[PDB]
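Peer 1: Take this structure, written in structure tokens, and hold onto it; I'll ask about it next.
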Amino acid sequence: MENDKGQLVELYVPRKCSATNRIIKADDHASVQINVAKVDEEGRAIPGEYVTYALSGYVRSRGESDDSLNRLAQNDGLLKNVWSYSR
Amino acid sequence: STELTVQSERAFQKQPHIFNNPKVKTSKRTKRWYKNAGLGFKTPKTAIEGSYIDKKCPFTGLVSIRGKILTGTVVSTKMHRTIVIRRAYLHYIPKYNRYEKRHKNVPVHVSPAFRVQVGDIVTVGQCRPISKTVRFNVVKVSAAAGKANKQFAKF
Amino acid sequence: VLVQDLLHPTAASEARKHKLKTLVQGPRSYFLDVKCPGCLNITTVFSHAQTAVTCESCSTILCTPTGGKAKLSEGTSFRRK
Amino acid sequence: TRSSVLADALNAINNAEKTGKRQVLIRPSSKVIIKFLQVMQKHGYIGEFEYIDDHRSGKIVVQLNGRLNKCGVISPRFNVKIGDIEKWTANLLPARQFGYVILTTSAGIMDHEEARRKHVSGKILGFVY
Amino acid sequence: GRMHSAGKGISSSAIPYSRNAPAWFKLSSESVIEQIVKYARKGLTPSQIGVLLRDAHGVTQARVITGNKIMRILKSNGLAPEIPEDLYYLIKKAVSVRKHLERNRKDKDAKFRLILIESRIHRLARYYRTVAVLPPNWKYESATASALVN
Amino acid sequence: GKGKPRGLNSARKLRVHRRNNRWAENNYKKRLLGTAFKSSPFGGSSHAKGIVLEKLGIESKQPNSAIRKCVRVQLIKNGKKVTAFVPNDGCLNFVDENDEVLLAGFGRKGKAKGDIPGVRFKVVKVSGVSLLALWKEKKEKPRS
RNA sequence: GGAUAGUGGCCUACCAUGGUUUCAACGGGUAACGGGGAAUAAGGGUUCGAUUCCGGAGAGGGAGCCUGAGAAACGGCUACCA
RNA sequence: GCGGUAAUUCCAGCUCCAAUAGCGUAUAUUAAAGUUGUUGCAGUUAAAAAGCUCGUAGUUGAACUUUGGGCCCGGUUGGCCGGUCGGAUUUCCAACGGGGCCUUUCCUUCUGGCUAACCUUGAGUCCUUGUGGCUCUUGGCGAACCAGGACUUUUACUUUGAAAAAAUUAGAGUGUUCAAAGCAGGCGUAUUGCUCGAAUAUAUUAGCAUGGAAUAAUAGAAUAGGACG
RNA sequence: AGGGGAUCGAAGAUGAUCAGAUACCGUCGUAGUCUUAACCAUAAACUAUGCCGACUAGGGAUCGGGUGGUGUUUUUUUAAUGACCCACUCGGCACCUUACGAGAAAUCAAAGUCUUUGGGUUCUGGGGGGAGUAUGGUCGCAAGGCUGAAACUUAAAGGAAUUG
Ligand SMILES: [Zn+2]
């Protein structure tokens, strides 16, 4: 949302749910930001490093936050099976 | 329409000033005159072959096609040498931005050269006041007989 | 749900639905070569009879129709396709 | 009886979108449907769609994202006399700067912008934003 | 849909994608065409004939193994009857119903049903007449349908 | 789509329907039937003169409790009779019977105004002069 | 055929049975001359136009007509009604 | 809604407000009114689904028939330069349109008039190592429309155009001293003229003319009474 | 207009009750109630909710048809059958929980996908009262049915919910 000669104008470019890509807006105090941790070699889990996801209040309510999680963070490589594209 | 008898009027039906001398022994009996409408209108064979008279014929009579050239669907052939055709259309109404099926029945003369029947789509050419309601003359039969024989019998 | 494969449905929950509610619809009735040992010849039968079919030569029987498939007349054998 | 298959397709897509879905099974395919979906994807509102072929009228699986607010059809495909397209885009588009009214012309199925540039017009199909 | 009721049942034939084949099918066109025609001599309906063939014989669909629908074969060998099959059976039914009503006029149910049937007959006959397969003056009346069926 | 035919050629049915339902609009009906002329003490005109029959004292409606000074008037143009209120304090002092007054509406299209029942009109002028100027002192009621 | 400056049931004679209509004929209403237009400003509309321009119609009501290139004229005639 | 003894609505004085050479009123009309609803209404309980089904006129009506690839031609903005004495055109380049092509591809069709265009080439070349470039007649493009003969399935939609009075409206120009207007006027040698104008736009429905070929109708070869020869 | 007429029972007569009681309660009982042949065409004729089509959400039952099972049970000799069990699928009469969504609310899988306003179509409504009245037309033996105004009057009438 820029203007005439370039230059970003109008503050605040909101989040966006990963599962639906529908904007996450302020009053939706029902959305969520799930932080998975970037673990490493044997046991340990690097703090100060995350794979993060956004989930719109819509989906949370509809009850698909779990399933969409599984789908999102498996073809993002931190799950193996569990979820399948066919049904 | 017409058909039969040709000389079936109290007066003698003859094309005006088309003298055929008795002394001069011809093998065609009567001398026939004709022309062409124009605008692309082929003068049909039945008009030059035929022996009708019709002074209200575009091809053999004493009229002239000029002005409007219309088409329509034959709805009425009950009268003699003249028919009524329905021209349909749609009328635009702005406030509703939509159309409405309208129609007008135009009265039109039809020469005994053609052979019309209810349903035959026809092309007419505006002439002079022929009658009380008639300002058009049938000038081409675009249709046929609507596949009539195609409703024949068993086997 | 929310996201799935409409183009590629599992054979299991594709074999449950209606013959017209499948991805690309198709029949669920089979033909079978049927035989009674009385003769030596076999006759092709459609699984849902309507007509009470008899064998080639011997006027015997083969199946009396029902609300669906055909109840094969006991002493007979069959093969799909 | 199925009165406008295009209308069914658009309703289908929108109803999938809202519900939070990412695919649509629409039915049955047609030419106008295809070209509409195409003018949609040309501005990246849906992903890619696939014509599955039942040996009848068709099926379409439209993969969609979520840029799509609402697509829809104008029921009686009114006639637009080139000065009227402005009136329509004004009528059912959120802003001047984006969105597309889409219509059938004798220069093909195209959006109001492409129609404007080409300087061709005709009947109005639907709209997408 | 479903016109003269508000029933909404779905029940039909799921026609195979296989517009050709049956692969495992032998014979020829000749075989089944002779079948059709001789059954037509016997005097069976294309519905009757097709059902029979699809059962006892091995014909998935007559039109596939023979690029031509059954009634077209019948007409082709000069076997087509006076009026089509559906219109025929409609009139036949209305005839039986009407006889039933002649037998007791107390049955208003039969009146209602007779109206429905005959309305279907008239609409259908209008279609048929439109497509020239019935003389453009053809109309159904009871007093003549009695004979017309038999 | 709720009733209304949305087709492209259903103009006819639509405007027809529009007429039909126009008839439920009170002022459309009245403007078309001719009521303005047919009924109504004035002929559809804005004003009407007329002679004063008697002087009435009309007790007001509830919950008010007074006497509303009026006159009965026979309109010259059309002989119809009608009772008209006489505004302001006094003014019934200004009339006298058989006087020739000037009536106007009450600004409600018919419909009696306040607590005055059945009076839909009022006095504006008498004897040739304005009632207002009389009530102040600007002018004085002519000879007789 | 007559009549017209001329087309035409315009009129006459003979002859036929046709012509319009729910896509609303025919009839009634209009405090109805028609148009350019006017008022009301998101748009779509709603409402109005007797009235400076154009077209039509009338000269208290009706008919008839002379003169004339042109009038069924009325600041022309004739007759009837008021 | 105020007034029946302290009346913020009456009769008055004071003070004040609002609009102002004008302000009130009555009638009508328009807006407000998405309370007439095409845009755009409402119908369980507020006004309103016909007791029920048939059903004609009317409105409406599934899907499918040249899609896809290749090449040329010349336009119009815009960018980076300016070459220049505010504006200019080449090529570098994208973007967005139009015309014509060959892909099994009527474009009505013959019978000559016309040829603008090239598969042509006839000599070569001004000149960047040359497909950059066009003057240039002798075998070889049709459609660009001429006129004549012979025939053509009908439509709706949309484009552009012609035909189109003024005044009125929208609107350019000009300082009626301003302004509503008017179409004037502006300049010198104001002693023997000089000169800018008096625009443009809308003007829809129907009729004409022209380009389009999506959408949506219509007609065809089944008792072959078919197609071309 | 015939039959029929057990029963209950508009009318009517009665005993009570009450200030009165033409009622409510008790008794008598005409017409009616049943049926045939003709009328009549209306009910809160109601789900107070037009029809065809599309889509949008989960659960357990039940009706009907079908399919699948080395399920139970019926024993005869294992079956065949018949009932039951389980899973699935059409088309039904309904409930349950939800609410993305709708509503003025009560509520509603339609009354949702509607200012982000267009699938097709039929019907009705436009403040209350006057009034379903007056007038005409048509239908009926009649009672009455359909079609259906205005003058005048009026600031409210009305809906859902909340507290009292
Ligand atoms: Zn056997």
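Using the numbering of Swiss-Prot, the residues shown for chain B are 2-156, in order.
Backbone N, Cα and C define each Cβ position, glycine as well.
Grabbed the feature section from Swiss-Prot, which reads as follows:
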MOD_RES   B:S2  N-acetylserine
CROSSLNK  B:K15  ubiquitin cross-link
CROSSLNK  B:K46  ubiquitin cross-link
CROSSLNK  B:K56  ubiquitin cross-link
CROSSLNK  B:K57  ubiquitin cross-link
CROSSLNK  B:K79  ubiquitin cross-link
CROSSLNK  B:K96  ubiquitin cross-link
CROSSLNK  B:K105  ubiquitin cross-link
CROSSLNK  B:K133  ubiquitin cross-link
CROSSLNK  B:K141  ubiquitin cross-link
CROSSLNK  B:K148  ubiquitin cross-link
Peer 1: So which of the recorded positions B:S2, B:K46, B:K57, B:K96, B:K133 end up next to chain F, with Cβ to Cβ under 8 Å?
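Peer 2: Qualifying residues, whose Cβ lies under 8 Å from chain F: B:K96.
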Peer 1: Do you see any of the recorded sites B:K56, B:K96, B:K133 whose C-alpha is within 10 Å of B:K105 (ubiquitin cross-link), and which ones?
Peer 2: none
Peer 1: Work out how many Å separate B:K57 (ubiquitin cross-link) and the residue listed as 'N-acetylserine' at their Cα atoms, rounded off.
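Peer 2: With distance taken Cα to Cα, the residue listed as 'N-acetylserine' is 12 Å from B:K57 (ubiquitin cross-link).
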Peer 1: Please identify, among the recorded sites B:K15, B:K56, B:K133, the one with the smallest Cα-Cα distance to B:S2 (N-acetylserine).
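Peer 2: Its closest listed neighbour, by Cα, is B:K56.
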Peer 1: Neighbour count first, Cβ atoms within 10 Å, every protein chain included; then name which of B:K57, B:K79 tops the list of recorded sites.
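Peer 2: Counting Cβ neighbours within 10 Å, the top one is B:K57.
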Peer 1: Can you tell me how far the Cα of B:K141 (ubiquitin cross-link) sits from the Cα of B:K46 (ubiquitin cross-link), in Å?
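Peer 2: Approximately 12 Å lies between the Cα of B:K141 (ubiquitin cross-link) and that of B:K46 (ubiquitin cross-link).
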Peer 1: According to DSSP, which kind of secondary structure is B:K141 (ubiquitin cross-link) found in, if we only use helix, strand and coil?
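Peer 2: It is in a strand.
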Peer 1: Sort B:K96 (ubiquitin cross-link) into helix, strand or coil using the DSSP assignment.
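Peer 2: B:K96 (ubiquitin cross-link) sits in coil per DSSP, no helix or strand.
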Peer 1: Between B:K133 (ubiquitin cross-link) and B:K46 (ubiquitin cross-link), find the distance joining the two CA atoms and give it rounded to the nearest Å.
Peer 2: 30
Peer 1: For B:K79 (ubiquitin cross-link), which of the recorded sites B:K15, B:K46, B:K96, B:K148 has the nearest Cα in space?
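Peer 2: Nearest in space to B:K79 (ubiquitin cross-link), counting only the recorded sites, is B:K148.
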